[PDB]
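Single-letter residue listing:
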Amino acid sequence: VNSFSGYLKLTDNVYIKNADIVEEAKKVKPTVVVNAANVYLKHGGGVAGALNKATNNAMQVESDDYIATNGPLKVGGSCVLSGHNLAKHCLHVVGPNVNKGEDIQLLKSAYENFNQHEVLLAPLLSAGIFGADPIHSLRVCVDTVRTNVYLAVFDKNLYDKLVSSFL
């Protein structure tokens, strides 16, 4: 049993809800929240900008020190950092950004990072300002992630479309 409430069950392991991932993290304090990161961990906008704002910029401070030490992530890669006031840990995952011309096949590699964590609160990778089709992102998620993933979809319209169209 876990703390996640109000989710629709899509599969054995994948759950979805219309929710603001920031407000959901603040309520649940999950072990892992996933950030929709870029390779530079520059948390300017989208999910990353919202998560970072909710930490009062402490996520960005920690991320800048990580990059200074380790250099940029790979597209499809991840790192584990603090979850600050939102979660125990934040898994920063880099999905391909279609608005930069990155290979959408890298979306499966991105979701494979989730399999290193038994339970996660996450957004749909490469959705929103990363430019991918969220219906495709949900299909890759279901077909790739084997651990228990609770997906937060900010937009009610999109949430209803993802559910209605789910095979």
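For every chain, the first residue of the written sequence is numbered 1 and the count continues from 1 onward along that sequence, whatever numbering the entry uses; residues with no coordinates are hidden. Heavy atoms from the whole structure form the basis of all side-chain values; hydrogens and water molecules are not counted. Residues with missing side-chain atoms are left out of burial classes, side-chain pairs and their counts.

If you check the header, you'll see the entry was determined by X-ray crystallography and the resolution is listed as 1.0000 Å.

Pairing of aromatic side chains requires ring centres within 6.5 Å, counting the rings of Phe and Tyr and the six-membered ring of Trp. Pairs whose planes differ by under 30 degrees are stacked, by over 60 edge-to-face, and all others tilted. Under the criterion given, the structure shown has five aromatic pairs. Relative to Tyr-7, the ring of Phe-4 lies with its centre 5.6 Å away and its plane at 85°, an arrangement referred to as edge-to-face. Burial classes: relative accessible area under 20% of the type maximum marks a residue as buried, over 50% as exposed, and values in between as partly exposed (1.4 Å probe, protein chains only). Of the residues examined, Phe-4 reaches a relative accessible area of 13% and is grouped as buried. Looking at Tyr-7, the relative accessible area reads 15%, which means it is buried. Taken together, a centroid distance of 4.8 Å and an interplanar angle of 10° make the contact between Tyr-15 and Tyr-150 stacked. With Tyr-15 in strand β2 (residues 14-18) and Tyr-150 in strand β7 (residues 148-153), the pair connects residues that are 135 residues apart, well separated along the chain. Per residue, the accessibility class of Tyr-15 equals that of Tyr-150, and both read buried. Ring-pair connections join several aromatic residues into one group, and the members of that group are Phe-4, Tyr-7, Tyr-15 and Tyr-150. Secondary structure elements are defined from DSSP: runs of H or I of at least 4 residues count as helices, runs of E of at least 2 residues count as strands, and each element is numbered from the N terminus.

Our next topic: the pattern of salt bridges. Should a side-chain nitrogen of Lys or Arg be within 4 Å of a carboxyl oxygen of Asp or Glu, the pair is scored as a salt bridge. Tallied over the full model, the rule gives four salt bridges. With its nearest N and O atoms 2.9 Å apart, the salt bridge here joins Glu-24 to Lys-17. Across the pair, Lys-17 and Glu-24 agree in class, each one buried. For the salt bridge of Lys-26 with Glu-23, the shortest nitrogen-to-oxygen distance reads 3.1 Å. Of the two residues, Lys-26 and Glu-23 both sit in helix α1 (residues 21-28), three residues apart, roughly one turn of that helix.

In this section: helix α5 (residues 134-144). For α5, the set of buried residues is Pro-134, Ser-137, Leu-138, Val-140, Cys-141, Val-142 and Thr-144. The criterion used for residue contact is that any of the two residues' heavy atoms lie within 4.5 Å. Residues of α5 that are buried make contact with β2, α4 (106-112), β7 and α6 (156-164). Near the N-terminus of α5, the side chain that reaches the backbone nitrogen of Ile-135, with its oxygen 3.0 Å away, is that of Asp-133. Pairing of N or O atoms within 3.5 Å defines a polar contact, subject to two protein rules: one partner must be a possible hydrogen donor and the other a possible acceptor, and residues neighboring in sequence count only if both atoms are side-chain atoms.

Below, the discussion takes up the nonpolar core. What makes a nonpolar core is a set of buried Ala, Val, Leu, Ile, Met, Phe, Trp, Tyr and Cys residues whose side-chain atoms join them at distances within 4.5 Å. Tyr-111, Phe-114 and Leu-151 are the most contacted members of the largest nonpolar core, which totals 26 residues. The biggest single contributor to this core is α5, with four residues. Residues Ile-21, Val-28, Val-33 and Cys-90 belong to the second largest nonpolar core, which totals 17 residues.

Moving on: the pairing of strand β4 (residues 78-82). Following DSSP output, two strands are said to pair if at least two bridges run between them. Note that β4 and strand β5 (residues 89-93) share five bridges and pair antiparallel. Across the sheet, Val-80 pairs through a bridge with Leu-91, a residue of β5. Turn length for the β4-β5 hairpin, with the two strands adjacent in sequence and antiparallel, is six residues, and the turn residue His-84 shows positive phi of about 55°.

Another point: the side chain of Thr-147. Tracing the sequence through the fold places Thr-147 in the loop between α5 and β7. Only 3.0 Å separates the side chain of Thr-147 from the backbone oxygen of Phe-114, close enough to count as a polar contact. Filtering out sequence-adjacent residues up to four positions away, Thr-147 remains in contact with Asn-13, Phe-114, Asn-115, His-117, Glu-118 and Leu-120.

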